[PDB]
Structure formats: structure tokens, C-alpha cells
Amino acid sequence: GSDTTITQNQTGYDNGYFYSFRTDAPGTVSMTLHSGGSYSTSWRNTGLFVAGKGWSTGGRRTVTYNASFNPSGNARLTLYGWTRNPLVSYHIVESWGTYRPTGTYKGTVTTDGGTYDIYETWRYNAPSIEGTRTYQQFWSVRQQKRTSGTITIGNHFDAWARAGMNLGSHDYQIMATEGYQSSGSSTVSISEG
């Protein structure tokens, strides 16, 4: 009598949190929306998807999350978001499945008890929140996997800026489960503080 499960691309507000669900493989992945800042995902022989809860306008907020993260294959557990002007997507990657994400290495930041490698990558004529675009992606990837704890997001944005990785005006910001050509499940809860 109350959680909702979705299977079609959409964004909105559920139980007081913004959420986004997107896939290029409809029918292979779903998202179940729980109370507060929590949700689950389940996926089976999927294509690409990203799903999560958080805020429709991101910023430097310190956040705390807890997750069950059970990928069989390539997947990430990430504080993920976008800016515009310039258009950039960013990923603060707390855990991953078979593959650890990398890109052009730009240093490290030590925050919330862990050390993260910083990377930049580019996407050329690729999908984005503004349609097909060429744009940058910024990454902080933890040196060891974690599935709960605090992310002082402003420390990542400051570290990126010291490496020349400049953000624009914030669009959404979510604690996401990202998957590629894998199966698995997650349950993720996020809140500020």
C-alpha cells in the first residue's frame, strides 16, 4: 500500500526527494521508490541506466548515504549530477562492480576518511540533459570501495577546481546506481548532513 515501482524514463519528486530514472533498455531495469531519500533498483541483462534520489538543484551540501550494492557486472554507486553553462556531468564514485572507472588523472583529494583519485573525461556528440552535446565529465573515485558514509561534496568540487575542472550552474544531484550491460540490484538511502 505505498511504495511505487517505475520502469519508464522520468524525473519527479517522491516522498519529498527529487528522483531521476533513465535507461536505453526499457523492460530490463526498474526502480522502486521508498520513503524519504531511499529507493531500490533491480536490473537483468540491461543496457545503460542511471537511477537515484537527491535534489533537483545540486550544490556543495554535505550528505550521508547508506547502500546495499549488489552488481553482477559493471555498475557504480555514485553521487552523480549535472551542471549547465558549461554543461558537465560529475561522479563521486563510492563503489563499483567489475570495473573501476578512470580517465585522465588529475590528482587526489582526501576527504571523509578516504582518498579519491580525480579524473576528467570527455564525451563527444553524446547524450546529455541538453540533448546531443560534446562535454566534460568529472570524477572522484574512492581508492577503496565503501557503501555508507558522508560525502562532503564541496571538498570534491574544490579539488576539481584546483585541477582546472570547472563546474557551471547546478542542475540535479542524486545518489545514483549506474549500470552497464550487467544484472544486479541496489537499495540506496541518501540525506543531507
Side-chain angles (χ1 to χ4, degrees), residues 1-26 28-44 46-71 74-84 88-97 101 112 116 127-129 137-142 145-157 167 169-180 182-193:
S2 252
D3 286 0
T4 301
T5 293
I6 60 176
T7 59
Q8 301 190 292
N9 287 355
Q10 63 189 264
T11 63
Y13 297 89
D14 175 81
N15 284 126
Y17 281 77
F18 173 78
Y19 71 93
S20 172
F21 175 76
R22 198 165 191 81
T23 181
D24 65 3
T28 67
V29 52
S30 70
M31 177 181 194
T32 294
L33 304 171
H34 307 307
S35 308
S38 297
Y39 64 93
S40 291
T41 60
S42 180
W43 66 103
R44 186 82 186 255
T46 196
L48 287 167
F49 75 92
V50 175
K53 269 186 167 176
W55 299 266
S56 47
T57 300
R60 297 175 59 86
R61 47 170 58 86
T62 297
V63 302
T64 297
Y65 70 96
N66 183 32
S68 188
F69 173 64
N70 293 113
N74 190 353
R76 297 186 291 255
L77 172 64
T78 308
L79 191 295
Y80 166 85
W82 288 89
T83 67
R84 306 184 179 172
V88 171
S89 61
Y90 62 81
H91 301 75
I92 296 163
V93 177
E94 300 284 291
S95 188
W96 53 91
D112 309 294
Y116 292 75
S128 78
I129 57 164
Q137 299 212 259
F138 296 164
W139 307 79
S140 286
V141 186
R142 209 173 179 273
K145 299 193 204 175
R146 171 158 93 144
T147 59
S148 67
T150 294
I151 299 175
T152 300
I153 293 172
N155 288 343
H156 291 277
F157 294 176
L167 293 164
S169 298
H170 286 280
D171 198 280
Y172 69 81
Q173 174 174 71
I174 54 172
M175 189 73 201
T177 302
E178 309 184 63
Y180 182 58
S182 51
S183 301
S185 58
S186 71
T187 298
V188 177
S189 296
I190 180 98
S191 65
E192 281 178 343

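For the numbers below, each heavy atom of this structure counts, side chains included, while hydrogens, waters and symmetry mates do not. Along the sequence shown, the residues carry numbers beginning at 1.
Inter-residue side-chain proximity for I151 and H156 is flagged as met; some heavy-atom pair is nearer than 4.5 Å. Between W55 and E192, some side-chain heavy-atom pair lies under the 4.5 Å cut-off. Counting heavy atoms from C-beta outward, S191 and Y17 have side chains that approach closer than 4.5 Å. Using a 4.5 Å heavy-atom cutoff, the side chains of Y39 and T177 are in contact.
Minimum heavy-atom separation, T23 to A25: OG1-N, 2.9 Å. Heavy-atom minimum distance, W139 versus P101: CZ3-CB, 3.9 Å. Nearest heavy atoms, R61 versus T57: NH1-O, 3.1 Å. Annotation for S20 and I174: closest pair CB-CD1, 4.3 Å, computed over non-hydrogen atoms. Heavy-atom minimum distance, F69 versus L77: CZ-N, 3.7 Å. Closest non-hydrogen pair, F21 versus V29, comes out as CZ-O, 3.6 Å.
With rounding to the nearest 0.5 angstrom, the OG1 atom of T4 is 6.0 Å from the CG atom of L33. Here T78 contributes atom OG1 and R142 contributes atom CZ; the two are 13.5 Å apart, rounded to the nearest 0.5 Å. Annotation: the span from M175 atom CE to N66 atom CG amounts to 10.0 Å, rounded to 0.5 Å. Atom CG of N15 sits about 8.0 Å away from atom OG of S2, to the nearest 0.5 Å.
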Applying side chain to side chain contact (heavy atoms under 4.5 Å, CB included), run through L79 and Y65 and close with a yes or a no. CA-CA 10 Å; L79 191 295; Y65 70 96; over 6 Å; no
Test side chain to side chain contact (heavy atoms under 4.5 Å, CB included) on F49 and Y180 and set out the steps. CA-CA 7 Å; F49 75 92; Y180 182 58; over 6 Å; no
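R146 pairs by the salt bridge (charged side-chain N to carboxylate O under 4.0 Å, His left out) definition with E94, not counting sequence neighbours. Considering only residues two or more places apart in sequence or on other chains, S40 meets the side chain to side chain donor-acceptor pair (under 3.5 Å) condition with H34, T187. Residues passing the side chain to side chain donor-acceptor pair (under 3.5 Å) test with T11: none are found, sequence neighbours excluded. Remark: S185 pairs with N70 by the side-chain contact (heavy atoms from CB on, under 4.5 Å) rule, at least two apart or across chains. Scanning for side-chain contact (heavy atoms from CB on, under 4.5 Å) contacts around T62 gives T150, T152, with sequence neighbours left out. With sequence neighbours left out, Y172 forms a side chain to side chain donor-acceptor pair (under 3.5 Å) with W82. Every residue two or more places apart in sequence or in another chain that forms a side-chain contact (heavy atoms from CB on, under 4.5 Å) with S30 is listed here: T5, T7, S42. With sequence neighbours left out, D171 forms a salt bridge (charged side-chain N to carboxylate O under 4.0 Å, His left out) with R84. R60 pairs by the salt bridge (charged side-chain N to carboxylate O under 4.0 Å, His left out) definition with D158, not counting sequence neighbours. Under the side chain to side chain donor-acceptor pair (under 3.5 Å) criterion, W43 pairs with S182, not counting sequence neighbours.
Residues in residues 2-14 take part in these salt bridge (charged side-chain N to carboxylate O under 4.0 Å, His left out) pairs, two or more places apart or across chains: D14-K53. The stretch residues 35-44 participates, sequence neighbours left out, in no salt bridge (charged side-chain N to carboxylate O under 4.0 Å, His left out) pair at all.
Checked by atom type, the side-chain pair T83/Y90 shows no donor-acceptor distance below 3.5 Å.
Around CD of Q8, the count of heavy atoms belonging to other residues, nucleotides or ligands within 6.0 Å does not exceed 12.
A donor-acceptor pair under 3.5 Å is formed between the side chain of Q173 and the backbone N or O of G59.
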